[PDB]
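**Student:** Provided below: my_file-v6.cif, containing mmCIF, C-alpha atoms and all ligand atoms.
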```
data_my_file
#
loop_
_atom_site.group_PDB
_atom_site.id
_atom_site.type_symbol
_atom_site.label_atom_id
_atom_site.label_comp_id
_atom_site.auth_asym_id
_atom_site.auth_seq_id
_atom_site.Cartn_x
_atom_site.Cartn_y
_atom_site.Cartn_z
ATOM 1 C CA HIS A 4 15.095 18.181 -3.587
ATOM 2 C CA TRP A 5 15.165 14.395 -3.567
ATOM 3 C CA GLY A 6 17.827 12.458 -5.409
ATOM 4 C CA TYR A 7 20.225 9.585 -4.888
ATOM 5 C CA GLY A 8 23.059 11.171 -2.747
ATOM 6 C CA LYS A 9 23.960 10.815 0.928
ATOM 7 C CA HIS A 10 22.093 13.905 1.728
ATOM 8 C CA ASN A 11 19.000 13.449 -0.413
ATOM 9 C CA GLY A 12 18.841 9.745 -1.232
ATOM 10 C CA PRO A 13 16.366 6.950 -0.466
ATOM 11 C CA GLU A 14 16.901 7.035 3.292
ATOM 12 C CA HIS A 15 15.693 10.650 3.318
ATOM 13 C CA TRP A 16 12.677 10.367 1.092
ATOM 14 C CA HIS A 17 10.201 9.585 3.891
ATOM 15 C CA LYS A 18 10.471 13.169 5.228
ATOM 16 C CA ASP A 19 8.768 14.655 2.180
ATOM 17 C CA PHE A 20 6.944 11.453 1.169
ATOM 18 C CA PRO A 21 5.833 9.575 4.283
ATOM 19 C CA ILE A 22 4.344 6.767 2.142
ATOM 20 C CA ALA A 23 8.001 5.737 1.778
ATOM 21 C CA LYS A 24 7.372 3.653 4.924
ATOM 22 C CA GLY A 25 4.043 2.300 3.623
ATOM 23 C CA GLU A 26 2.585 -1.141 3.325
ATOM 24 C CA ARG A 27 3.206 -1.790 -0.387
ATOM 25 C CA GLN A 28 6.516 -0.131 -1.275
ATOM 26 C CA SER A 29 8.835 -1.133 -4.103
ATOM 27 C CA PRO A 30 11.266 -2.523 -4.984
ATOM 28 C CA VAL A 31 11.511 -5.796 -3.046
ATOM 29 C CA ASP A 32 13.731 -8.809 -2.901
ATOM 30 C CA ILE A 33 12.233 -11.717 -4.785
ATOM 31 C CA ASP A 34 12.848 -14.830 -2.785
ATOM 32 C CA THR A 35 12.573 -17.460 -5.523
ATOM 33 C CA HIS A 36 11.941 -20.324 -3.142
ATOM 34 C CA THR A 37 8.977 -18.522 -1.434
ATOM 35 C CA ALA A 38 7.318 -17.153 -4.564
ATOM 36 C CA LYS A 39 4.466 -19.499 -5.364
ATOM 37 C CA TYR A 40 3.589 -20.682 -8.829
ATOM 38 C CA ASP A 41 0.085 -19.491 -9.587
ATOM 39 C CA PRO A 42 -1.529 -21.586 -12.336
ATOM 40 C CA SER A 43 -4.348 -19.019 -12.552
ATOM 41 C CA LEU A 44 -1.950 -16.349 -13.928
ATOM 42 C CA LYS A 45 -2.044 -15.759 -17.661
ATOM 43 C CA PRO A 46 0.714 -15.343 -20.174
ATOM 44 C CA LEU A 47 1.593 -11.750 -20.420
ATOM 45 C CA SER A 48 0.445 -10.016 -23.631
ATOM 46 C CA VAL A 49 3.002 -7.406 -24.721
ATOM 47 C CA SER A 50 1.772 -5.663 -27.945
ATOM 48 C CA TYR A 51 4.430 -3.173 -28.983
ATOM 49 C CA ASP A 52 4.258 -3.498 -32.803
ATOM 50 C CA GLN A 53 2.627 -0.022 -33.152
ATOM 51 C CA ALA A 54 4.613 1.702 -30.385
ATOM 52 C CA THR A 55 5.563 5.235 -31.403
ATOM 53 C CA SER A 56 8.423 6.821 -29.520
ATOM 54 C CA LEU A 57 8.717 10.559 -29.499
ATOM 55 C CA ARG A 58 11.537 11.847 -27.365
ATOM 56 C CA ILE A 59 14.233 11.071 -24.857
ATOM 57 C CA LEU A 60 14.681 13.239 -21.756
ATOM 58 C CA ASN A 61 17.372 13.511 -19.027
ATOM 59 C CA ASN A 62 15.174 14.407 -16.046
ATOM 60 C CA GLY A 63 18.032 14.701 -13.598
ATOM 61 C CA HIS A 64 17.399 11.164 -12.143
ATOM 62 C CA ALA A 65 17.436 8.959 -15.216
ATOM 63 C CA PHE A 66 16.603 9.220 -18.909
ATOM 64 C CA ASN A 67 13.055 8.626 -20.064
ATOM 65 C CA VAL A 68 12.160 7.314 -23.580
ATOM 66 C CA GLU A 69 8.695 8.709 -24.100
ATOM 67 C CA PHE A 70 5.860 7.336 -26.264
ATOM 68 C CA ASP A 71 2.818 8.767 -27.892
ATOM 69 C CA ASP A 72 0.103 7.422 -25.668
ATOM 70 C CA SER A 73 -2.817 9.392 -27.248
ATOM 71 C CA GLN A 74 -4.110 6.227 -29.051
ATOM 72 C CA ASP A 75 -4.229 2.573 -28.041
ATOM 73 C CA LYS A 76 -1.235 1.163 -29.725
ATOM 74 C CA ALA A 77 1.383 -0.155 -27.411
ATOM 75 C CA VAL A 78 -0.393 -2.103 -24.676
ATOM 76 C CA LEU A 79 0.254 -4.512 -21.892
ATOM 77 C CA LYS A 80 -2.491 -6.887 -20.804
ATOM 78 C CA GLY A 81 -3.007 -10.390 -19.501
ATOM 79 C CA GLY A 82 -0.697 -11.846 -16.916
ATOM 80 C CA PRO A 83 -2.049 -10.663 -13.552
ATOM 81 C CA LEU A 84 -3.804 -7.658 -15.135
ATOM 82 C CA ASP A 85 -7.490 -6.890 -15.561
ATOM 83 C CA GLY A 86 -7.953 -4.637 -18.580
ATOM 84 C CA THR A 87 -5.591 -2.676 -20.792
ATOM 85 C CA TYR A 88 -2.504 -0.709 -19.887
ATOM 86 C CA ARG A 89 -0.906 1.758 -22.307
ATOM 87 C CA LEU A 90 2.842 2.263 -22.606
ATOM 88 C CA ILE A 91 3.906 5.797 -21.670
ATOM 89 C CA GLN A 92 7.672 5.605 -21.186
ATOM 90 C CA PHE A 93 10.607 3.530 -20.270
ATOM 91 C CA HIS A 94 13.700 4.260 -18.248
ATOM 92 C CA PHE A 95 16.479 2.409 -16.406
ATOM 93 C CA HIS A 96 18.188 2.265 -13.024
ATOM 94 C CA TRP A 97 21.897 1.401 -12.902
ATOM 95 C CA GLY A 98 24.971 1.256 -10.812
ATOM 96 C CA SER A 99 28.456 2.703 -10.596
ATOM 97 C CA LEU A 100 29.814 -0.872 -10.979
ATOM 98 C CA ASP A 101 28.369 -3.971 -12.548
ATOM 99 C CA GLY A 102 27.612 -5.575 -9.139
ATOM 100 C CA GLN A 103 24.823 -3.164 -8.340
ATOM 101 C CA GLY A 104 22.170 -1.098 -10.097
ATOM 102 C CA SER A 105 18.945 -3.098 -10.086
ATOM 103 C CA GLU A 106 16.066 -2.134 -7.790
ATOM 104 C CA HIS A 107 14.497 -5.561 -7.475
ATOM 105 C CA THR A 108 16.834 -8.301 -6.354
ATOM 106 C CA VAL A 109 16.553 -12.061 -6.827
ATOM 107 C CA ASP A 110 17.603 -14.068 -3.793
ATOM 108 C CA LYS A 111 19.521 -10.907 -2.850
ATOM 109 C CA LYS A 112 21.341 -10.847 -6.208
ATOM 110 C CA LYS A 113 21.715 -7.353 -7.650
ATOM 111 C CA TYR A 114 21.878 -6.985 -11.410
ATOM 112 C CA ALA A 115 23.874 -4.274 -13.214
ATOM 113 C CA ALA A 116 20.704 -2.407 -14.193
ATOM 114 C CA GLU A 117 16.934 -2.670 -14.453
ATOM 115 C CA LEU A 118 14.654 -1.455 -17.243
ATOM 116 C CA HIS A 119 11.138 -0.262 -16.361
ATOM 117 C CA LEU A 120 8.471 -0.043 -19.051
ATOM 118 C CA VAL A 121 5.656 1.990 -17.518
ATOM 119 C CA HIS A 122 2.034 1.526 -18.532
ATOM 120 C CA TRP A 123 -1.183 3.181 -17.273
ATOM 121 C CA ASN A 124 -4.639 1.638 -16.914
ATOM 122 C CA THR A 125 -6.796 3.057 -19.659
ATOM 123 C CA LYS A 126 -9.899 2.768 -17.481
ATOM 124 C CA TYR A 127 -8.699 5.904 -15.636
ATOM 125 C CA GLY A 128 -8.340 8.018 -18.764
ATOM 126 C CA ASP A 129 -4.952 9.630 -18.080
ATOM 127 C CA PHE A 130 -1.812 8.816 -16.141
ATOM 128 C CA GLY A 131 -2.397 11.517 -13.530
ATOM 129 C CA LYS A 132 -5.715 9.910 -12.535
ATOM 130 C CA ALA A 133 -4.241 6.420 -12.800
ATOM 131 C CA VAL A 134 -1.490 6.999 -10.231
ATOM 132 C CA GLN A 135 -4.204 7.768 -7.651
ATOM 133 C CA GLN A 136 -5.552 4.229 -7.945
ATOM 134 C CA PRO A 137 -4.226 0.938 -6.513
ATOM 135 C CA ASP A 138 -4.436 -0.670 -9.978
ATOM 136 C CA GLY A 139 -3.448 2.418 -11.941
ATOM 137 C CA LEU A 140 -0.066 1.369 -13.370
ATOM 138 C CA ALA A 141 1.661 -1.779 -14.554
ATOM 139 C CA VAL A 142 5.437 -1.713 -14.700
ATOM 140 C CA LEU A 143 7.283 -4.360 -16.608
ATOM 141 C CA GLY A 144 10.715 -4.781 -15.070
ATOM 142 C CA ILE A 145 13.621 -6.401 -16.908
ATOM 143 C CA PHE A 146 17.028 -7.086 -15.435
ATOM 144 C CA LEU A 147 20.280 -6.256 -17.296
ATOM 145 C CA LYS A 148 23.480 -8.247 -16.889
ATOM 146 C CA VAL A 149 26.800 -7.351 -18.540
ATOM 147 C CA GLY A 150 27.953 -9.715 -21.267
ATOM 148 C CA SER A 151 27.050 -9.654 -24.959
ATOM 149 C CA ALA A 152 25.749 -6.392 -26.424
ATOM 150 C CA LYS A 153 22.023 -5.864 -26.860
ATOM 151 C CA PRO A 154 21.708 -4.653 -30.468
ATOM 152 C CA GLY A 155 18.296 -3.196 -29.827
ATOM 153 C CA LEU A 156 19.689 -0.944 -27.097
ATOM 154 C CA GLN A 157 22.392 0.728 -29.184
ATOM 155 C CA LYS A 158 20.136 3.487 -30.636
ATOM 156 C CA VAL A 159 19.383 4.556 -27.031
ATOM 157 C CA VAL A 160 23.083 4.441 -26.061
ATOM 158 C CA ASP A 161 24.088 6.539 -29.077
ATOM 159 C CA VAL A 162 21.667 9.391 -28.288
ATOM 160 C CA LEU A 163 22.911 9.794 -24.690
ATOM 161 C CA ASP A 164 25.712 12.126 -25.667
ATOM 162 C CA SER A 165 23.031 14.595 -26.739
ATOM 163 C CA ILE A 166 21.188 14.616 -23.391
ATOM 164 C CA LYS A 167 24.133 14.552 -21.044
ATOM 165 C CA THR A 168 22.693 16.911 -18.475
ATOM 166 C CA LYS A 169 19.460 17.452 -16.561
ATOM 167 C CA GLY A 170 16.702 19.082 -18.580
ATOM 168 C CA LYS A 171 18.121 18.170 -22.033
ATOM 169 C CA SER A 172 15.875 16.288 -24.440
ATOM 170 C CA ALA A 173 16.235 15.016 -28.050
ATOM 171 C CA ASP A 174 13.843 13.812 -30.692
ATOM 172 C CA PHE A 175 13.714 10.071 -30.508
ATOM 173 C CA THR A 176 11.322 8.655 -33.001
ATOM 174 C CA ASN A 177 10.783 5.196 -34.364
ATOM 175 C CA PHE A 178 12.497 3.322 -31.514
ATOM 176 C CA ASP A 179 11.090 -0.177 -31.157
ATOM 177 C CA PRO A 180 11.017 -1.375 -27.542
ATOM 178 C CA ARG A 181 10.571 -4.988 -28.708
ATOM 179 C CA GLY A 182 14.338 -5.010 -29.104
ATOM 180 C CA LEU A 183 14.726 -4.693 -25.338
ATOM 181 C CA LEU A 184 12.781 -7.836 -24.401
ATOM 182 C CA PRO A 185 14.301 -11.181 -23.445
ATOM 183 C CA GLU A 186 13.127 -14.443 -25.086
ATOM 184 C CA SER A 187 10.955 -15.640 -22.239
ATOM 185 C CA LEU A 188 8.064 -13.712 -20.691
ATOM 186 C CA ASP A 189 8.118 -15.859 -17.478
ATOM 187 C CA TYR A 190 7.556 -13.400 -14.603
ATOM 188 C CA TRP A 191 7.013 -12.689 -10.958
ATOM 189 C CA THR A 192 4.281 -10.305 -9.876
ATOM 190 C CA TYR A 193 3.286 -8.451 -6.688
ATOM 191 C CA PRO A 194 1.461 -5.227 -5.734
ATOM 192 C CA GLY A 195 3.760 -2.286 -5.105
ATOM 193 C CA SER A 196 4.633 1.305 -5.680
ATOM 194 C CA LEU A 197 6.585 3.798 -7.727
ATOM 195 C CA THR A 198 10.229 3.426 -6.747
ATOM 196 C CA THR A 199 10.814 7.205 -6.956
ATOM 197 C CA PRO A 200 8.984 10.002 -5.221
ATOM 198 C CA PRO A 201 6.059 10.429 -4.946
ATOM 199 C CA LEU A 202 6.259 6.681 -4.144
ATOM 200 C CA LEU A 203 2.573 6.174 -4.852
ATOM 201 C CA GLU A 204 1.125 2.736 -4.152
ATOM 202 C CA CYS A 205 -0.404 2.325 -7.594
ATOM 203 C CA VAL A 206 1.663 -0.309 -9.337
ATOM 204 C CA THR A 207 1.186 -3.942 -10.333
ATOM 205 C CA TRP A 208 4.808 -5.050 -10.765
ATOM 206 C CA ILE A 209 5.642 -7.650 -13.381
ATOM 207 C CA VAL A 210 9.314 -8.634 -13.194
ATOM 208 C CA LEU A 211 10.710 -10.876 -15.899
ATOM 209 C CA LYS A 212 12.807 -13.823 -14.784
ATOM 210 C CA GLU A 213 15.147 -13.747 -17.791
ATOM 211 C CA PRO A 214 17.613 -10.882 -17.874
ATOM 212 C CA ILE A 215 18.812 -9.208 -21.051
ATOM 213 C CA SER A 216 22.529 -8.990 -21.722
ATOM 214 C CA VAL A 217 24.130 -5.624 -22.531
ATOM 215 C CA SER A 218 27.779 -4.965 -23.141
ATOM 216 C CA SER A 219 30.204 -3.340 -20.747
ATOM 217 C CA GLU A 220 30.522 -0.499 -23.286
ATOM 218 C CA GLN A 221 26.753 0.044 -23.355
ATOM 219 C CA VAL A 222 26.385 0.359 -19.562
ATOM 220 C CA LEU A 223 29.557 2.522 -19.417
ATOM 221 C CA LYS A 224 27.746 5.027 -21.612
ATOM 222 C CA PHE A 225 24.813 5.133 -19.186
ATOM 223 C CA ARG A 226 27.375 6.015 -16.526
ATOM 224 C CA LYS A 227 28.621 9.055 -18.448
ATOM 225 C CA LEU A 228 25.312 10.819 -18.074
ATOM 226 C CA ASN A 229 25.050 13.552 -15.509
ATOM 227 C CA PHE A 230 22.574 14.252 -12.715
ATOM 228 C CA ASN A 231 23.543 17.973 -12.876
ATOM 229 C CA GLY A 232 22.411 20.556 -15.366
ATOM 230 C CA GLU A 233 24.595 22.151 -18.024
ATOM 231 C CA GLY A 234 27.063 24.609 -16.558
ATOM 232 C CA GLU A 235 27.031 22.914 -13.117
ATOM 233 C CA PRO A 236 29.723 20.725 -11.476
ATOM 234 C CA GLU A 237 29.695 17.236 -12.815
ATOM 235 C CA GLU A 238 27.900 14.546 -10.842
ATOM 236 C CA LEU A 239 27.886 11.283 -12.754
ATOM 237 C CA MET A 240 24.427 9.690 -13.081
ATOM 238 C CA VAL A 241 25.150 6.369 -11.321
ATOM 239 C CA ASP A 242 23.466 4.453 -8.509
ATOM 240 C CA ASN A 243 20.006 5.827 -9.304
ATOM 241 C CA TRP A 244 18.326 2.844 -7.634
ATOM 242 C CA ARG A 245 16.215 2.488 -4.494
ATOM 243 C CA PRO A 246 17.137 -0.532 -2.341
ATOM 244 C CA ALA A 247 14.729 -3.341 -1.540
ATOM 245 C CA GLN A 248 11.888 -2.448 0.871
ATOM 246 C CA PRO A 249 10.057 -4.615 3.369
ATOM 247 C CA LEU A 250 7.644 -7.118 1.826
ATOM 248 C CA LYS A 251 5.160 -6.728 4.656
ATOM 249 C CA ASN A 252 1.848 -8.430 4.026
ATOM 250 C CA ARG A 253 2.488 -9.375 0.360
ATOM 251 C CA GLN A 254 2.841 -12.463 -1.717
ATOM 252 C CA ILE A 255 5.049 -12.642 -4.825
ATOM 253 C CA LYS A 256 3.474 -14.973 -7.438
ATOM 254 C CA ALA A 257 5.336 -16.803 -10.195
ATOM 255 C CA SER A 258 3.894 -17.369 -13.635
ATOM 256 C CA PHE A 259 6.078 -20.449 -14.147
ATOM 257 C CA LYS A 260 6.982 -23.760 -12.555
HETATM 258 N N1 LIG B 1 10.820 3.760 -11.131
HETATM 259 S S1 LIG B 1 9.240 3.666 -11.371
HETATM 260 O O1 LIG B 1 8.897 3.197 -12.762
HETATM 261 O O2 LIG B 1 8.531 2.914 -10.318
HETATM 262 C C1 LIG B 1 8.636 5.388 -11.272
HETATM 263 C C2 LIG B 1 9.357 6.299 -12.253
HETATM 264 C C3 LIG B 1 8.409 6.722 -13.397
HETATM 265 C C4 LIG B 1 7.281 7.661 -12.929
HETATM 266 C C5 LIG B 1 6.168 8.110 -13.878
HETATM 267 B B1 LIG B 1 6.621 8.938 -15.218
HETATM 268 B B2 LIG B 1 5.355 8.610 -16.405
HETATM 269 B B3 LIG B 1 3.843 9.223 -15.663
HETATM 270 B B4 LIG B 1 5.334 10.127 -15.442
HETATM 271 B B5 LIG B 1 4.199 9.938 -14.088
HETATM 272 B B6 LIG B 1 3.470 8.288 -14.160
HETATM 273 B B7 LIG B 1 4.197 7.459 -15.584
HETATM 274 B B8 LIG B 1 5.935 7.278 -15.356
HETATM 275 B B9 LIG B 1 4.740 7.096 -13.969
HETATM 276 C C6 LIG B 1 4.743 8.654 -13.136
HETATM 277 B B10 LIG B 1 5.932 9.797 -13.766
HETATM 278 ZN ZN ZN B 2 11.953 2.865 -12.494
#
```
Would you put the structure from the file into structure tokens?
**Tutor:**
Amino acid sequence: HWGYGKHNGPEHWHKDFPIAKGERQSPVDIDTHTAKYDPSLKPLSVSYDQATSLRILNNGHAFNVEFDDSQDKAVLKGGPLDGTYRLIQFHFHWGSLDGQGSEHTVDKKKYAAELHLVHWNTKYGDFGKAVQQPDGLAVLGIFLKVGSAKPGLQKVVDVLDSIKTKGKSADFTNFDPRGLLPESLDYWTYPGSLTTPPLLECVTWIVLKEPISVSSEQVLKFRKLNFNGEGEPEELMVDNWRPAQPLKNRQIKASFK
């Protein structure tokens, strides 16, 4: 099955998922000089005050912090978006070393990690219908650099010991994702895809310019997770990122001057 190794990693994915070589694949390099300021873009509206987390899951690729998305609580709107997008989960991509791990790059710079807050367009009723539509998802991407600790991340870090291996989950209630946001909501945006199989071309990407800082100790704990299941040989969960894909016929827009 697909993964991140030499034998099943991103360069192989096109065999089972031919859209891997499509016209609107993610991630991409953000060339900051070429991205055009778009004064028609709106400030992003991130409303996470009533977000209700439920559970954290090691799915064998990453860990997912899952939300109750049965009501309209935690929503993303504005920015480049038409309508209302409901938060379903977040997860990260990270490296084996601090010099790699992000999926998007900025002028070819790789960050140590990247957080993805995934939201589905409520006009399609459920996520499974949304991912079949070109405007079905909005993913808010936030870069992580290593420096000062992020206090709002520590509750996630501390639960990781309990979901070390693939298929383990733990109750994970009352986590507030506001504590993972940087100060500024300045962003770049472009049309793209899921960055994991099935690689569906259903995402409006919104990538924040300002990274968050996390400590070396925090990212080291990400790197103790395992891709393997319990009672299998240990494969550290590191380098679970897809490299930048061709931009093709797309424009990256900036919300800021
Ligand atoms: N790296 S990425 O965010 O581009 C795709 C990884 C999350 C994929 C999804 B999980 B939830 B729903 B489940 B189904 B819908 B929503 B998030 B997306 C899909 B699965
Ligand atoms: Zn992701």
**Student:** Would you mind listing the residues within 7 Å of ligand ZN 2 (chain B), counting only C-alpha atoms and all ligand atoms, as a PyMOL selection string?
**Tutor:** chain A and resi 94-96+118-119+198
**Student:** Assuming the chain letters and numbering stay as they are in my file, what does the PyMOL selection byres (((chain A and resi 232) around 6) and not hetatm) actually select? List them as a PyMOL selection string.
**Tutor:** chain A and resi 168-169+231+233+235
**Student:** Give me the residues within 7 Å of region 120-132 of chain A as a PyMOL selection string, counting all atoms listed in the file and dropping any in the same chain fewer than 6 places off.
**Tutor:** chain A and resi 87-94+139-144
**Student:** Write the residues you've just listed into a file as a short mmCIF file (atom, residue, chain, number, x, y, z; two decimals), in the coordinates of the input, and include C-alpha atoms for each of them.
**Tutor:**
```cif
data_model
loop_
_atom_site.label_atom_id
_atom_site.label_comp_id
_atom_site.auth_asym_id
_atom_site.auth_seq_id
_atom_site.Cartn_x
_atom_site.Cartn_y
_atom_site.Cartn_z
CA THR A 87 -5.59 -2.68 -20.79
CA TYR A 88 -2.50 -0.71 -19.89
CA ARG A 89 -0.91 1.76 -22.31
CA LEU A 90 2.84 2.26 -22.61
CA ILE A 91 3.91 5.80 -21.67
CA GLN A 92 7.67 5.60 -21.19
CA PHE A 93 10.61 3.53 -20.27
CA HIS A 94 13.70 4.26 -18.25
CA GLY A 139 -3.45 2.42 -11.94
CA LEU A 140 -0.07 1.37 -13.37
CA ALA A 141 1.66 -1.78 -14.55
CA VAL A 142 5.44 -1.71 -14.70
CA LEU A 143 7.28 -4.36 -16.61
CA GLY A 144 10.72 -4.78 -15.07
#
```
**Student:** So how far away is CA of residue 61 (chain A) from CA of residue 171 (chain A), in Å?
**Tutor:** 5.6 Å
**Student:** Name the residues in contact with residue 213 (chain A) at a cut-off of 8 Å, using only C-alpha atoms, excluding same-chain residues fewer than 3 positions from it; report them as number ranges by chain.
**Tutor:** A: 145-146, 185-189
**Student:** Quick one: residues within 9 Å of residue 245 (chain A), all atoms listed in the file counted, chain neighbours fewer than 2 positions away excluded, as a list in words?
**Tutor:**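 My list of contacting residues is residues 7, 12, 13, 29, 30, 96, 104, 105, 106, 107, 198, 199, 242, 243, 247 and 248 of chain A.
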**Student:** Could you state the separation of atom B10 of ligand LIG 1 (chain B) and CA of residue 110 (chain A) in Å, given to one decimal place?
**Tutor:**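 Taking atom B10 of ligand LIG 1 (chain B) and CA of residue 110 (chain A), their separation equals 28.4 Å.
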**Student:** Please report, as lines of an AutoDock Vina configuration file, the centre and edge lengths in Å to one decimal of an axis-aligned box covering all listed atoms of region 218-229 of chain A with 3 Å per side.
**Tutor:**
```
center_x = 27.7
center_y = 4.3
center_z = -19.4
size_x = 11.7
size_y = 24.5
size_z = 13.8
```
**Student:** I'd like to know which of A:135, A:151, A:55, A:192 is closest to ligand LIG 1 (chain B), using only C-alpha atoms and all ligand atoms.
**Tutor:**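 Closest residue, counting only C-alpha atoms and all ligand atoms: A:135.
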**Student:** Give me, as a VMD selection string, all polymer residues having an atom no more than 10 Å from residue 100 (chain A), counting all atoms listed in the file and skipping those fewer than 4 positions away in the same chain.
**Tutor:** chain A and resid 104 115 to 116 222 to 223 226 241 to 242
**Student:** Within 6 Å of residue 167 (chain A), counting all atoms listed in the file, which residues qualify if same-chain residues fewer than 3 places away don't, as a ChimeraX atom specification?
**Tutor:** /A:164,228-229
**Student:** Using the chain letters and numbering of this document, enumerate as a PyMOL selection string the residues selected by the PyMOL selection byres (((chain A and resi 173-183) around 8) and not hetatm).
**Tutor:** chain A and resi 51-52+54-60+68+153-156+158+162+165-166+171-172+184-185+215
**Student:** When the PyMOL selection byres (((chain A and resi 256) around 10) and not hetatm) is applied to the structure above, which residues does it catch, written out as a PyMOL selection string?
**Tutor:** chain A and resi 33+35+37-42+44+83+190-193+209+253-255+257-259
**Student:** Counting all atoms listed in the file, which of A:114, A:16, A:5, A:66 gets nearest to ligand LIG 1 (chain B)?
**Tutor:**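 Nearest to ligand LIG 1 (chain B): A:66.
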**Student:** Mind pulling up the distance from CA of residue 207 (chain A) to CA of residue 260 (chain A)?
**Tutor:**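 We find that CA of residue 260 (chain A) and CA of residue 207 (chain A) lie 20.8 Å from each other.
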**Student:** Select, from A:85, A:101, A:71, A:238, the residue with the minimum atom-to-atom distance to ligand LIG 1 (chain B), counting only C-alpha atoms and all ligand atoms.
**Tutor:** A:71
**Student:** Out of A:109, A:202, A:84, A:152, which residue has the shortest atom-to-atom distance to ligand LIG 1 (chain B) when counting only C-alpha atoms and all ligand atoms?
**Tutor:** A:202
**Student:** Check the smallest atom-to-atom distance from each of A:204, A:220, A:237, A:69 to residue 24 (chain A) using all atoms listed in the file, then report the winner.
**Tutor:**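 Among the listed residues, the smallest separation from residue 24 (chain A) belongs to A:204.
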**Student:** Which residue out of A:98, A:6, A:82, A:236 has the minimum interatomic distance to residue 43 (chain A) when only C-alpha atoms are used?
**Tutor:**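 Smallest distance to residue 43 (chain A) is found for A:82.
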